[PDB]
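First the structure, then my questions, so here it is.
Letters A, B, C, D, E and F mark the chains in the order given here, with residues in each chain numbered from 1 onward.
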Amino acid sequence: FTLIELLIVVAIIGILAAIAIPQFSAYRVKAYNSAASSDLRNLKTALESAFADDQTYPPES
Amino acid sequence: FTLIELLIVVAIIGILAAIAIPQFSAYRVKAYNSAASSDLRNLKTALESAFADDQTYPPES
Amino acid sequence: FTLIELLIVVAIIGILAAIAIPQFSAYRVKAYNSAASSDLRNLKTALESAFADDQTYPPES
Amino acid sequence: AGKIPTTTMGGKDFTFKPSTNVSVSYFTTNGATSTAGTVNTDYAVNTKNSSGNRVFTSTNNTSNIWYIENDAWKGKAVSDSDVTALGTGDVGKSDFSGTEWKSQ
Amino acid sequence: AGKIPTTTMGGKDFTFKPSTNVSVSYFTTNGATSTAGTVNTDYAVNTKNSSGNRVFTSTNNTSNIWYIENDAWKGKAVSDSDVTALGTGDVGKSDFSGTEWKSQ
Amino acid sequence: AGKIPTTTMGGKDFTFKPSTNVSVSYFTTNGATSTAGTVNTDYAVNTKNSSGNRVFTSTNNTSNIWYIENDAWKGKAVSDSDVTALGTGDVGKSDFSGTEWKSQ
């Protein structure tokens, strides 16, 4: 509308364009880690189930 | 106010009307997908709970 | 874009910044507790296994 | 046939309802036949959000949740033929060759 | 004295290690004395997660696992005095009057 | 050699598949040798998410899951040498001195 109105908008667009976007890197690597430790604690039950069938842990591959 | 003032406003309204609005389509389809995979991983626990009651998965429908 | 548009955004950012974040303290202390009671109920089987080898519970340390 | 079970063979309610906008299809060895003396040893089950580009599926004797992610279908439910779902039969599928994938 | 046994009197390793962040304290009739001719007829043993508001304990001639659950201590281990653990002595305690409880 | 077992010595399928993006490496006394008369008394096994800064490992005669958490490697799998995994040999490792840790 008025030149002064178009001077507040550009003064607010500048504000709302920098709101300290956080580093969402550590908060995701923790999920990837806790998939692998879960997966290992599960894998152990398969190994120690298979031993109590065969008196041996499985052959590799 | 002055004709030159009404020539900057129209020169700024034209600017602030094209600020590269992004395609917010992929950023929403990911949410719809992660509802369905969550829902399936939950549905599996109901199936494999019901088996350990009845020695059978449920009848369909 | 328009000053009124930049008055709804600030009216929504204020909303979506206060959504009653819950106290996730009790819901985590329960996990720490149920690690220790599990660990004790397991430790008991080692003690009462070792007795049925040696006619004695183990020496401390 | 082919839909989420409403009741297990012991007569108890299946205690699970799907999300607001997700299609589900479920298949088992002996269909809908609640004959009080059969045993479904297996299931194959799949889901898609009506608005999603992914259909997700699992079977009885598999770990992981297997997807396809075809960008083509975006407004379908898993009842539609052109979704490449795991229908009746192929219900165990302990292995997958070249069609769907969740591994690396 | 007072810690989880590393070895039983027959010279064999105690084959049990505690969880990532749990304190343990263990007491028996004849302490650490591995004299190859004694018999510990009893034990009293307790655990707490360093970050937990519960200390859990059991003794030789008791069923159940008995807790206290004092919200006060939350960053202590069972080595600390202000935890109300079952120290040396009172090692059987086949009965409990009014201090700790797991029953209804 | 060195990968997750697909089958146990009694000829049965190992009934476990890993997560979507996790590398696994597994080692035992007698390697891949399915000679129908051997006994692997032990295993050493490790996992890492391809995108994770942690490798996790366990062996036959240990409680706990032991990690390293080196921020350096973040896009490796446990097949890579610069991960400090528990290779063939050192398969029991009932004790750990100063390399990896899960205790307090």
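Heads up, the rule we're going with is that a residue touches a chain if its C-beta (ideal position, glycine included) is under 8 Å from a C-beta of that chain, and two chains touch if they have at least 3 such contacts.
In UniProt terms the chains read D, E, F = Geopilin domain 2 protein.
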- Item | Most distant chain from subunit F (Geopilin domain 2 protein), judged by the mean position of its C-alpha atoms | B
- Query: Comparing A-F against D-F, which pair counts more contacting C-beta pairs?
  - Reply: A-F
- Item | subunit B-subunit D (Geopilin domain 2 protein) separation of Cα centroids, rounded to whole Å | 23
- Query: How many angstrom lie between the CA centroids of subunit A and subunit C, rounded to a whole number?
  - Reply: 18
- Mind pulling the subunit E (Geopilin domain 2 protein) residues that touch 2 or more other chains? 15-16, 18-21
- Which parts of subunit A, given as residue numbers and ranges, touch two or more other chains? 1, 9, 13
- Per the touch rule, the subunit F (Geopilin domain 2 protein) residues reaching subunit E (Geopilin domain 2 protein) in their complex are 61-64, 94, 102-104
- Residue ranges of subunit B in contact with subunit A within the complex: 1, 5, 8-9, 12-13, 16
- Query: For subunit E (Geopilin domain 2 protein), which residues are in contact with subunit C within the complex?
  - Reply: 1-10, 12, 14-16, 18-22, 24, 26-28, 30-34, 38-43, 45-49, 51-58, 60, 65, 67, 74
- Residues of subunit A touching subunit B in their complex? 1-3, 6, 9-10, 13
- Can you list the subunit C residues touching subunit E (Geopilin domain 2 protein) in their complex? 29, 32-33, 35-44, 46-47, 50, 53-61
